[PDB]
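Asks: Pasting model.pdb below, which is PDB, C-alpha atoms (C1' of nucleotides) and all ligand atoms.
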```
ATOM      1  CA  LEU A   1     111.368 108.212  80.226  1.00  0.00           C
ATOM      2  CA  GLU A   2     111.730 111.253  82.480  1.00  0.00           C
ATOM      3  CA  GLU A   3     108.243 112.193  81.238  1.00  0.00           C
ATOM      4  CA  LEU A   4     107.481 108.860  82.934  1.00  0.00           C
ATOM      5  CA  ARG A   5     110.058 108.657  85.725  1.00  0.00           C
ATOM      6  CA  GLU A   6     109.174 111.910  87.455  1.00  0.00           C
ATOM      7  CA  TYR A   7     105.483 111.079  87.048  1.00  0.00           C
ATOM      8  CA  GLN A   8     105.886 107.814  88.983  1.00  0.00           C
ATOM      9  CA  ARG A   9     108.132 109.464  91.549  1.00  0.00           C
ATOM     10  CA  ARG A  10     105.876 112.449  92.188  1.00  0.00           C
ATOM     11  CA  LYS A  11     102.882 110.146  92.628  1.00  0.00           C
ATOM     12  CA  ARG A  12     104.719 107.958  95.122  1.00  0.00           C
ATOM     13  CA  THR A  13     105.492 111.071  97.164  1.00  0.00           C
ATOM     14  CA  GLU A  14     101.871 112.201  97.271  1.00  0.00           C
ATOM     15  CA  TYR A  15     100.296 108.836  98.021  1.00  0.00           C
ATOM     16  CA  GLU A  16     102.731 107.836 100.723  1.00  0.00           C
ATOM     17  CA  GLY A  17     102.516 111.241 102.369  1.00  0.00           C
ATOM     18  CA  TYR A  18      98.786 110.799 102.817  1.00  0.00           C
ATOM     19  CA  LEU A  19      99.052 107.186 103.981  1.00  0.00           C
ATOM     20  CA  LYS A  20     101.942 108.301 106.197  1.00  0.00           C
ATOM     21  CA  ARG A  21      99.453 110.595 107.920  1.00  0.00           C
ATOM     22  CA  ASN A  22      96.404 108.296 107.823  1.00  0.00           C
ATOM     23  CA  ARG A  23      97.195 104.696 108.611  1.00  0.00           C
ATOM     24  CA  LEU A  24      93.493 103.995 108.159  1.00  0.00           C
ATOM     25  CA  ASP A  25      91.324 104.987 105.162  1.00  0.00           C
ATOM     26  CA  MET A  26      91.740 101.819 103.121  1.00  0.00           C
ATOM     27  CA  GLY A  27      90.149 103.739 100.249  1.00  0.00           C
ATOM     28  CA  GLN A  28      93.570 105.255  99.633  1.00  0.00           C
ATOM     29  CA  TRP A  29      95.536 102.012  99.873  1.00  0.00           C
ATOM     30  CA  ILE A  30      93.508 100.256  97.195  1.00  0.00           C
ATOM     31  CA  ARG A  31      93.789 103.320  94.963  1.00  0.00           C
ATOM     32  CA  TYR A  32      97.521 103.643  95.487  1.00  0.00           C
ATOM     33  CA  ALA A  33      97.970  99.875  95.270  1.00  0.00           C
ATOM     34  CA  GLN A  34      96.125 100.099  91.960  1.00  0.00           C
ATOM     35  CA  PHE A  35      98.473 102.809  90.680  1.00  0.00           C
ATOM     36  CA  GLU A  36     101.470 100.496  90.982  1.00  0.00           C
ATOM     37  CA  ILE A  37      99.576  97.739  89.178  1.00  0.00           C
ATOM     38  CA  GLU A  38      98.870  99.879  86.118  1.00  0.00           C
ATOM     39  CA  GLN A  39     102.639 100.513  85.954  1.00  0.00           C
ATOM     40  CA  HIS A  40     102.994  96.752  85.323  1.00  0.00           C
ATOM     41  CA  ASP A  41     105.103  96.280  88.466  1.00  0.00           C
ATOM     42  CA  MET A  42     103.747  93.489  90.631  1.00  0.00           C
ATOM     43  CA  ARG A  43     106.474  93.684  93.267  1.00  0.00           C
ATOM     44  CA  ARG A  44     105.506  97.135  94.488  1.00  0.00           C
ATOM     45  CA  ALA A  45     101.777  96.508  94.357  1.00  0.00           C
ATOM     46  CA  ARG A  46     102.044  93.283  96.343  1.00  0.00           C
ATOM     47  CA  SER A  47     104.012  95.182  98.974  1.00  0.00           C
ATOM     48  CA  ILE A  48     101.276  97.797  99.249  1.00  0.00           C
ATOM     49  CA  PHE A  49      98.499  95.298  99.784  1.00  0.00           C
ATOM     50  CA  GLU A  50     100.689  93.369 102.203  1.00  0.00           C
ATOM     51  CA  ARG A  51     101.424  96.683 103.923  1.00  0.00           C
ATOM     52  CA  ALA A  52      97.678  97.306 104.018  1.00  0.00           C
ATOM     53  CA  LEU A  53      96.823  93.944 105.558  1.00  0.00           C
ATOM     54  CA  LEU A  54      98.669  94.989 108.701  1.00  0.00           C
ATOM     55  CA  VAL A  55      96.522  98.049 109.205  1.00  0.00           C
ATOM     56  CA  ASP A  56      93.294  96.019 109.075  1.00  0.00           C
ATOM     57  CA  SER A  57      93.018  92.367 108.000  1.00  0.00           C
ATOM     58  CA  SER A  58      89.267  92.298 108.686  1.00  0.00           C
ATOM     59  CA  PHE A  59      88.436  94.524 105.694  1.00  0.00           C
ATOM     60  CA  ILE A  60      87.237  92.260 102.883  1.00  0.00           C
ATOM     61  CA  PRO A  61      87.203  94.779 100.008  1.00  0.00           C
ATOM     62  CA  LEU A  62      90.968  94.857 100.460  1.00  0.00           C
ATOM     63  CA  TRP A  63      91.202  91.075 100.543  1.00  0.00           C
ATOM     64  CA  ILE A  64      89.016  90.717  97.466  1.00  0.00           C
ATOM     65  CA  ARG A  65      90.805  93.280  95.337  1.00  0.00           C
ATOM     66  CA  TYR A  66      94.158  91.689  96.150  1.00  0.00           C
ATOM     67  CA  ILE A  67      92.752  88.459  94.714  1.00  0.00           C
ATOM     68  CA  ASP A  68      91.851  90.336  91.499  1.00  0.00           C
ATOM     69  CA  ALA A  69      95.253  91.848  90.775  1.00  0.00           C
ATOM     70  CA  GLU A  70      96.628  88.321  91.231  1.00  0.00           C
ATOM     71  CA  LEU A  71      94.035  86.699  88.961  1.00  0.00           C
ATOM     72  CA  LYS A  72      93.934  89.364  86.283  1.00  0.00           C
ATOM     73  CA  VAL A  73      97.563  88.856  85.271  1.00  0.00           C
ATOM     74  CA  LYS A  74      97.099  85.145  86.042  1.00  0.00           C
ATOM     75  CA  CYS A  75      99.707  84.640  88.757  1.00  0.00           C
ATOM     76  CA  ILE A  76      98.255  81.375  89.951  1.00  0.00           C
ATOM     77  CA  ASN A  77     100.138  79.851  92.850  1.00  0.00           C
ATOM     78  CA  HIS A  78     100.310  83.309  94.463  1.00  0.00           C
ATOM     79  CA  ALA A  79      96.526  83.825  94.436  1.00  0.00           C
ATOM     80  CA  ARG A  80      96.532  80.131  95.459  1.00  0.00           C
ATOM     81  CA  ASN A  81      98.988  80.441  98.392  1.00  0.00           C
ATOM     82  CA  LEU A  82      97.243  83.645  99.297  1.00  0.00           C
ATOM     83  CA  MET A  83      93.988  81.736  99.796  1.00  0.00           C
ATOM     84  CA  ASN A  84      95.821  79.606 102.291  1.00  0.00           C
ATOM     85  CA  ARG A  85      96.477  82.757 104.295  1.00  0.00           C
ATOM     86  CA  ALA A  86      93.145  84.324 103.370  1.00  0.00           C
ATOM     87  CA  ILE A  87      90.579  81.878 104.723  1.00  0.00           C
ATOM     88  CA  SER A  88      92.716  80.677 107.598  1.00  0.00           C
ATOM     89  CA  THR A  89      92.693  84.268 108.924  1.00  0.00           C
ATOM     90  CA  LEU A  90      88.937  84.938 108.603  1.00  0.00           C
ATOM     91  CA  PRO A  91      87.456  81.428 108.499  1.00  0.00           C
ATOM     92  CA  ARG A  92      83.855  82.418 109.348  1.00  0.00           C
ATOM     93  CA  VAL A  93      83.356  84.721 106.371  1.00  0.00           C
ATOM     94  CA  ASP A  94      81.026  84.026 103.441  1.00  0.00           C
ATOM     95  CA  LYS A  95      82.397  86.036 100.530  1.00  0.00           C
ATOM     96  CA  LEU A  96      85.929  84.691 100.905  1.00  0.00           C
ATOM     97  CA  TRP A  97      84.878  81.073 100.516  1.00  0.00           C
ATOM     98  CA  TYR A  98      82.660  81.571  97.465  1.00  0.00           C
ATOM     99  CA  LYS A  99      85.238  83.724  95.703  1.00  0.00           C
ATOM    100  CA  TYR A 100      87.713  80.917  96.342  1.00  0.00           C
ATOM    101  CA  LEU A 101      85.182  78.283  95.273  1.00  0.00           C
ATOM    102  CA  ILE A 102      83.879  80.083  92.182  1.00  0.00           C
ATOM    103  CA  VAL A 103      87.392  80.848  90.990  1.00  0.00           C
ATOM    104  CA  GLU A 104      88.110  77.113  91.300  1.00  0.00           C
ATOM    105  CA  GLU A 105      85.124  76.424  89.042  1.00  0.00           C
ATOM    106  CA  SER A 106      86.587  78.410  86.148  1.00  0.00           C
ATOM    107  CA  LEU A 107      89.819  76.439  86.685  1.00  0.00           C
ATOM    108  CA  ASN A 108      87.772  73.257  86.115  1.00  0.00           C
ATOM    109  CA  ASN A 109      89.435  71.422  89.003  1.00  0.00           C
ATOM    110  CA  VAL A 110      86.773  69.681  91.082  1.00  0.00           C
ATOM    111  CA  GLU A 111      89.264  67.771  93.243  1.00  0.00           C
ATOM    112  CA  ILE A 112      90.144  71.053  94.947  1.00  0.00           C
ATOM    113  CA  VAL A 113      86.576  72.081  95.779  1.00  0.00           C
ATOM    114  CA  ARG A 114      85.933  68.476  96.844  1.00  0.00           C
ATOM    115  CA  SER A 115      88.537  68.957  99.566  1.00  0.00           C
ATOM    116  CA  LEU A 116      87.534  72.615 100.020  1.00  0.00           C
ATOM    117  CA  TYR A 117      83.971  71.768 100.953  1.00  0.00           C
ATOM    118  CA  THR A 118      85.475  69.031 103.149  1.00  0.00           C
ATOM    119  CA  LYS A 119      86.964  71.635 105.471  1.00  0.00           C
ATOM    120  CA  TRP A 120      84.256  74.239 104.931  1.00  0.00           C
ATOM    121  CA  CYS A 121      81.761  71.594 106.042  1.00  0.00           C
ATOM    122  CA  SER A 122      84.121  70.460 108.839  1.00  0.00           C
ATOM    123  CA  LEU A 123      83.752  74.025 110.122  1.00  0.00           C
ATOM    124  CA  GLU A 124      79.936  73.611 110.465  1.00  0.00           C
ATOM    125  CA  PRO A 125      79.128  76.932 108.803  1.00  0.00           C
ATOM    126  CA  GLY A 126      75.339  77.031 108.351  1.00  0.00           C
ATOM    127  CA  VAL A 127      72.419  76.941 105.945  1.00  0.00           C
ATOM    128  CA  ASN A 128      73.438  78.843 102.809  1.00  0.00           C
ATOM    129  CA  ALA A 129      76.925  77.353 103.003  1.00  0.00           C
ATOM    130  CA  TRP A 130      75.908  73.701 103.106  1.00  0.00           C
ATOM    131  CA  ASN A 131      73.370  74.151 100.316  1.00  0.00           C
ATOM    132  CA  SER A 132      76.135  75.118  97.911  1.00  0.00           C
ATOM    133  CA  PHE A 133      77.855  71.809  98.736  1.00  0.00           C
TER
ATOM    134  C1'   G B   1     172.660  95.603 137.361  1.00  0.00           C
ATOM    135  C1'   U B   2     172.279  93.660 142.646  1.00  0.00           C
ATOM    136  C1'   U B   3     172.946  89.258 145.579  1.00  0.00           C
ATOM    137  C1'   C B   4     174.251  83.816 146.637  1.00  0.00           C
ATOM    138  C1'   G B   5     177.711  79.905 145.252  1.00  0.00           C
ATOM    139  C1'   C B   6     181.621  77.879 142.483  1.00  0.00           C
ATOM    140  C1'   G B   7     185.939  77.832 139.507  1.00  0.00           C
ATOM    141  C1'   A B   8     190.982  80.681 138.215  1.00  0.00           C
ATOM    142  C1'   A B   9     194.437  85.001 138.171  1.00  0.00           C
ATOM    143  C1'   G B  10     197.984  89.291 140.857  1.00  0.00           C
ATOM    144  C1'   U B  11     198.126  90.948 145.916  1.00  0.00           C
ATOM    145  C1'   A B  12     197.705  87.991 149.714  1.00  0.00           C
ATOM    146  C1'   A B  13     197.669  85.684 157.970  1.00  0.00           C
ATOM    147  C1'   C B  14     192.689  83.887 152.607  1.00  0.00           C
ATOM    148  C1'   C B  15     191.860  89.590 151.705  1.00  0.00           C
ATOM    149  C1'   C B  16     191.332  93.158 148.174  1.00  0.00           C
ATOM    150  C1'   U B  17     191.033  93.627 142.936  1.00  0.00           C
ATOM    151  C1'   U B  18     190.429  90.896 137.842  1.00  0.00           C
ATOM    152  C1'   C B  19     188.369  87.118 134.618  1.00  0.00           C
ATOM    153  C1'   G B  20     185.236  82.844 133.363  1.00  0.00           C
ATOM    154  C1'   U B  21     180.731  80.697 135.029  1.00  0.00           C
ATOM    155  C1'   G B  22     175.755  77.868 137.825  1.00  0.00           C
ATOM    156  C1'   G B  23     171.229  80.034 140.185  1.00  0.00           C
ATOM    157  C1'   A B  24     167.850  83.819 142.146  1.00  0.00           C
ATOM    158  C1'   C B  25     165.635  88.770 141.749  1.00  0.00           C
ATOM    159  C1'   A B  26     162.712  91.661 137.240  1.00  0.00           C
ATOM    160  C1'   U B  27     158.848  89.570 132.102  1.00  0.00           C
ATOM    161  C1'   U B  28     154.823  91.567 126.679  1.00  0.00           C
ATOM    162  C1'   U B  29     153.252  99.113 126.526  1.00  0.00           C
ATOM    163  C1'   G B  30     149.649 101.573 123.092  1.00  0.00           C
ATOM    164  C1'   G B  31     145.694 102.464 118.891  1.00  0.00           C
ATOM    165  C1'   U B  32     137.566 102.142 117.369  1.00  0.00           C
ATOM    166  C1'   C B  33     141.824 107.389 116.340  1.00  0.00           C
ATOM    167  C1'   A B  34     147.601 108.796 110.429  1.00  0.00           C
ATOM    168  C1'   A B  35     149.188 115.920 109.511  1.00  0.00           C
ATOM    169  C1'   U B  36     145.121 120.784 105.192  1.00  0.00           C
ATOM    170  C1'   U B  37     141.583 120.372  99.423  1.00  0.00           C
ATOM    171  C1'   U B  38     137.842 114.246  98.098  1.00  0.00           C
ATOM    172  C1'   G B  39     133.350 110.907 103.428  1.00  0.00           C
ATOM    173  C1'   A B  40     130.152 115.770 104.701  1.00  0.00           C
ATOM    174  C1'   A B  41     129.104 121.945 111.113  1.00  0.00           C
ATOM    175  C1'   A B  42     126.547 126.321 110.366  1.00  0.00           C
ATOM    176  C1'   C B  43     125.626 131.651 109.713  1.00  0.00           C
ATOM    177  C1'   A B  44     125.501 136.009 106.869  1.00  0.00           C
ATOM    178  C1'   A B  45     124.606 138.476 102.179  1.00  0.00           C
ATOM    179  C1'   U B  46     121.877 138.310  97.451  1.00  0.00           C
ATOM    180  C1'   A B  47     117.190 137.013  94.584  1.00  0.00           C
ATOM    181  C1'   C B  48     112.384 134.816  94.651  1.00  0.00           C
ATOM    182  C1'   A B  49     107.831 133.312  97.641  1.00  0.00           C
ATOM    183  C1'   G B  50     105.274 135.971 102.167  1.00  0.00           C
ATOM    184  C1'   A B  51     103.351 134.995 108.547  1.00  0.00           C
ATOM    185  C1'   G B  52      96.180 130.177 110.483  1.00  0.00           C
ATOM    186  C1'   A B  53      90.199 130.898 110.848  1.00  0.00           C
ATOM    187  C1'   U B  54      87.352 135.269 108.156  1.00  0.00           C
ATOM    188  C1'   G B  55      83.323 139.833 105.277  1.00  0.00           C
ATOM    189  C1'   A B  56      87.698 141.942 107.951  1.00  0.00           C
ATOM    190  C1'   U B  57      91.339 142.427 112.070  1.00  0.00           C
ATOM    191  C1'   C B  58      92.873 139.420 116.130  1.00  0.00           C
ATOM    192  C1'   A B  59      93.982 135.760 121.493  1.00  0.00           C
ATOM    193  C1'   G B  60      95.155 131.388 121.507  1.00  0.00           C
ATOM    194  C1'   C B  61      95.180 125.616 123.173  1.00  0.00           C
ATOM    195  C1'   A B  62      95.382 120.791 121.283  1.00  0.00           C
ATOM    196  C1'   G B  63      95.388 116.421 117.765  1.00  0.00           C
ATOM    197  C1'   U B  64      97.904 113.510 113.590  1.00  0.00           C
ATOM    198  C1'   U B  65     103.447 112.732 110.805  1.00  0.00           C
ATOM    199  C1'   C B  66     109.223 107.518 109.135  1.00  0.00           C
ATOM    200  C1'   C B  67     109.581 116.992 110.964  1.00  0.00           C
ATOM    201  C1'   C B  68     112.315 119.249 114.223  1.00  0.00           C
ATOM    202  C1'   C B  69     114.962 123.880 117.042  1.00  0.00           C
ATOM    203  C1'   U B  70     116.162 127.025 122.115  1.00  0.00           C
ATOM    204  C1'   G B  71     115.713 125.140 127.136  1.00  0.00           C
ATOM    205  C1'   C B  72     118.021 121.692 133.367  1.00  0.00           C
ATOM    206  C1'   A B  73     112.866 120.075 131.809  1.00  0.00           C
ATOM    207  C1'   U B  74     107.792 115.816 132.329  1.00  0.00           C
ATOM    208  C1'   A B  75     107.867 124.102 132.324  1.00  0.00           C
ATOM    209  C1'   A B  76     107.576 127.464 128.491  1.00  0.00           C
ATOM    210  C1'   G B  77     108.748 129.433 123.792  1.00  0.00           C
ATOM    211  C1'   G B  78     109.978 128.788 118.319  1.00  0.00           C
ATOM    212  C1'   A B  79     104.140 132.068 112.255  1.00  0.00           C
ATOM    213  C1'   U B  80      98.444 129.274 117.127  1.00  0.00           C
ATOM    214  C1'   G B  81     106.715 126.157 115.775  1.00  0.00           C
ATOM    215  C1'   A B  82     106.545 123.368 110.747  1.00  0.00           C
ATOM    216  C1'   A B  83     103.991 119.975 107.681  1.00  0.00           C
ATOM    217  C1'   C B  84      99.249 118.492 106.812  1.00  0.00           C
ATOM    218  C1'   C B  85      92.843 120.762 104.350  1.00  0.00           C
ATOM    219  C1'   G B  86      94.446 117.103  98.517  1.00  0.00           C
ATOM    220  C1'   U B  87      92.099 112.284  95.657  1.00  0.00           C
ATOM    221  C1'   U B  88      87.964 109.660  95.781  1.00  0.00           C
ATOM    222  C1'   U B  89      83.367 104.176  91.488  1.00  0.00           C
ATOM    223  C1'   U B  90      83.152  96.524  92.332  1.00  0.00           C
ATOM    224  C1'   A B  91      81.652  91.735  99.711  1.00  0.00           C
ATOM    225  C1'   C B  92      77.453  94.145  94.809  1.00  0.00           C
ATOM    226  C1'   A B  93      72.763  91.652  93.596  1.00  0.00           C
ATOM    227  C1'   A B  94      67.005  90.834  93.249  1.00  0.00           C
ATOM    228  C1'   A B  95      62.266  91.831  90.107  1.00  0.00           C
ATOM    229  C1'   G B  96      60.434  93.405  85.773  1.00  0.00           C
ATOM    230  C1'   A B  97      60.331  95.469  80.234  1.00  0.00           C
ATOM    231  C1'   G B  98      62.320  95.553  75.031  1.00  0.00           C
ATOM    232  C1'   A B  99      65.390  93.244  71.317  1.00  0.00           C
ATOM    233  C1'   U B 100      68.978  89.736  69.318  1.00  0.00           C
ATOM    234  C1'   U B 101      69.582  84.443  69.738  1.00  0.00           C
ATOM    235  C1'   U B 102      70.172  78.559  69.644  1.00  0.00           C
ATOM    236  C1'   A B 103      68.830  72.388  70.636  1.00  0.00           C
TER
HETATM  237 MG    MG A 201     101.342 124.403 116.546  1.00  0.00          MG
HETATM  238 MG    MG A 202     103.825 125.922 121.322  1.00  0.00          MG
END
```
So that I can check it, write out the structure of this file as structure tokens.
Ligand SMILES: [Mg+2]
Ligand SMILES: [Mg+2]

Replies:
Amino acid sequence: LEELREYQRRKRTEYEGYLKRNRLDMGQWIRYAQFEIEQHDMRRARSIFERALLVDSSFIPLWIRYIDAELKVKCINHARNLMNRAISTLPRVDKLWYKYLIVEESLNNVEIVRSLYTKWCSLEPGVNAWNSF
RNA sequence: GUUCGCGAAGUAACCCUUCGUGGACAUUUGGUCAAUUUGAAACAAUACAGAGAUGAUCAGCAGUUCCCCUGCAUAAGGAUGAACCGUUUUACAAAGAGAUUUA
């Protein structure tokens, strides 16, 4: 376990030291947020992504990946509540809607998307958006 | 304890002493804290590692950090004060070609 313990500890010194110095460079956050996922600890990883939304919330690769780590282990109402916060923050975006729509397809629930497209049409988005509805 | 008044005692031209009493005067200090080993000074010495760039030797001045130290300091010094120079794979598709493959 010390063959493990000191591994995890030494990594969390190196990653934080760099992020300590560079608030930006999201490339590091996602990497380091991925490290804590592969240790099967969701609490730490969620903190990291939540810590990395403060730095920039306009960076969609970060938003998208933090949907993955929720969906991969199948924590539903988190990746569900998250999408409340996700598309209310950046309501214009394209990718964020479709990744919320297409993930609702594989959940087979068409009542959701019925009300989804209600709002997403209420927002008057544009051509390619309406055509999906 | 002082003073006012009263009530008694011995002496008493009513006063001095003595006793018993009513009232007034005066009215809530200090602790965030307990006296040596177990609620946290530091330095020196010893051993190990050695003080930026670059072919090599050097002057430095800044920036960034959930590092500080000497200094009256918003001056200036402290190795250019220190620490940092590592790691990096997905908003991701469009066209075509081969093969497997089912109503
Ligand atoms: Mg310096
Ligand atoms: Mg200096």

Asks: Assuming the chain letters and numbering stay as they are in my file, what does the PyMOL selection byres ((chain A and not hetatm) within 8 of (chain B)) actually select? List them as a PyMOL selection string.

Replies: chain A and resi 20-22+27+60-61+64+95

Asks: Between CA of residue 24 (chain A) and CA of residue 41 (chain A), what distance in Å does the model show, to one decimal?

Replies: 24.1 Å

Asks: Which one of B:83, B:92, B:72, B:61 sits closest to ligand MG 202 (chain A) if you count only C-alpha atoms (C1' of nucleotides) and all ligand atoms?

Replies: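 Between B:83, B:92, B:72, B:61, the residue approaching ligand MG 202 (chain A) most closely is B:61.
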
Asks: I need the output of the PyMOL selection byres (((chain A and resi 86-88) around 12) and not hetatm) for this file as a PyMOL selection string; which residues are they?

Replies: chain A and resi 50+53+57-60+62-64+66-67+78-85+89-101+116+119-120+123

Asks: Enumerate residues in contact with ligand MG 202 (chain A): an atom-to-atom distance of at most 10 Å, counting only C-alpha atoms (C1' of nucleotides) and all ligand atoms. Format the result as a list in words.

Replies: residues 61, 62, 76, 77, 78, 80 and 81 of chain B

Asks: In Å, with one decimal, what is the gap from CA of residue 45 (chain A) to CA of residue 69 (chain A)?

Replies: 8.8 Å

Asks: Could you tell me how far CA of residue 51 (chain A) sits from CA of residue 11 (chain A), in Å to one decimal place?

Replies: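 These atoms are spaced 17.6 Å apart.
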
Asks: For ligand MG 201 (chain A), which residue among B:24, B:82, B:99, B:13 is the nearest when counting only C-alpha atoms (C1' of nucleotides) and all ligand atoms?

Replies: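 When distances to ligand MG 201 (chain A) are compared using only C-alpha atoms (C1' of nucleotides) and all ligand atoms, the smallest one comes from B:82.
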
Asks: Nearest to residue 6 (chain B): which of B:30, B:103, B:73, B:20 is it, counting all atoms listed in the file?

Replies: B:20

Asks: List as number ranges by chain the residues having at least one atom at most 9 Å from position (96.9, 98.5, 103.7) as given in the file, counting only C-alpha atoms (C1' of nucleotides).

Replies: A: 19, 23-26, 28-30, 33, 48-57, 62

Asks: Those residues with C-alpha atoms, as a tab-separated table (two decimals), keeping the file's coordinate frame please?

Replies:
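Written out: out34.tsv:
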```tsv
chain	number	residue	atom	x	y	z
A	19	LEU	CA	99.05	107.19	103.98
A	23	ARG	CA	97.20	104.70	108.61
A	24	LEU	CA	93.49	104.00	108.16
A	25	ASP	CA	91.32	104.99	105.16
A	26	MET	CA	91.74	101.82	103.12
A	28	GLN	CA	93.57	105.26	99.63
A	29	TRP	CA	95.54	102.01	99.87
A	30	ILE	CA	93.51	100.26	97.20
A	33	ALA	CA	97.97	99.88	95.27
A	48	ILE	CA	101.28	97.80	99.25
A	49	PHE	CA	98.50	95.30	99.78
A	50	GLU	CA	100.69	93.37	102.20
A	51	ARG	CA	101.42	96.68	103.92
A	52	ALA	CA	97.68	97.31	104.02
A	53	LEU	CA	96.82	93.94	105.56
A	54	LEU	CA	98.67	94.99	108.70
A	55	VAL	CA	96.52	98.05	109.20
A	56	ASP	CA	93.29	96.02	109.08
A	57	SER	CA	93.02	92.37	108.00
A	62	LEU	CA	90.97	94.86	100.46
```

Asks: Given the choices B:51, B:26, B:34, B:95, which gets closest to residue 79 (chain B) if the distance is worked out from all atoms listed in the file?

Replies: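 That would be B:51, the residue with the smallest distance to residue 79 (chain B).
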
Asks: As AutoDock Vina command-line options, please report the centre and edge lengths, rounded to one decimal in Å, of the axis-aligned box that holds all listed atoms of region 66-78 of chain B with 8 Å of padding on each of the six sides.

Replies:
```
--center_x 112.8 --center_y 118.5 --center_z 121.3 --size_x 26.4 --size_y 37.9 --size_z 40.2
```

Asks: Reconstruct region 48-60 of chain A at the level of N, CA and C atoms, and format the result as a compact mmCIF listing (two decimals), in the frame of the given file.

Replies:
```
# COMPACT_ATOMS: atom_id res chain seq x y z
N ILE A 48 102.27 96.86 98.76
CA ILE A 48 101.28 97.80 99.25
C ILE A 48 100.11 97.06 99.90
N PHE A 49 99.57 96.08 99.22
CA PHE A 49 98.50 95.30 99.78
C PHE A 49 98.95 94.57 101.06
N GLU A 50 100.15 94.01 101.01
CA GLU A 50 100.69 93.37 102.20
C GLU A 50 100.91 94.39 103.32
N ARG A 51 101.35 95.60 102.97
CA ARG A 51 101.42 96.68 103.92
C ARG A 51 100.05 97.05 104.43
N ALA A 52 99.01 96.92 103.61
CA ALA A 52 97.68 97.31 104.02
C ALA A 52 96.93 96.19 104.73
N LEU A 53 97.45 94.98 104.75
CA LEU A 53 96.82 93.94 105.56
C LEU A 53 97.16 94.10 107.03
N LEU A 54 98.28 94.75 107.32
CA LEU A 54 98.67 94.99 108.70
C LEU A 54 97.73 95.98 109.38
N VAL A 55 97.36 97.02 108.66
CA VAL A 55 96.52 98.05 109.20
C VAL A 55 95.18 97.46 109.64
N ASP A 56 94.47 96.81 108.73
CA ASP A 56 93.29 96.02 109.08
C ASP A 56 93.23 94.79 108.18
N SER A 57 93.20 93.60 108.78
CA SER A 57 93.02 92.37 108.00
C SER A 57 91.56 91.92 107.97
N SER A 58 90.68 92.65 108.66
CA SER A 58 89.27 92.30 108.69
C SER A 58 88.45 92.99 107.60
N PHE A 59 89.11 93.73 106.71
CA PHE A 59 88.44 94.52 105.69
C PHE A 59 88.46 93.75 104.39
N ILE A 60 87.32 93.16 104.04
CA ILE A 60 87.24 92.26 102.88
C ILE A 60 87.37 92.90 101.51
```
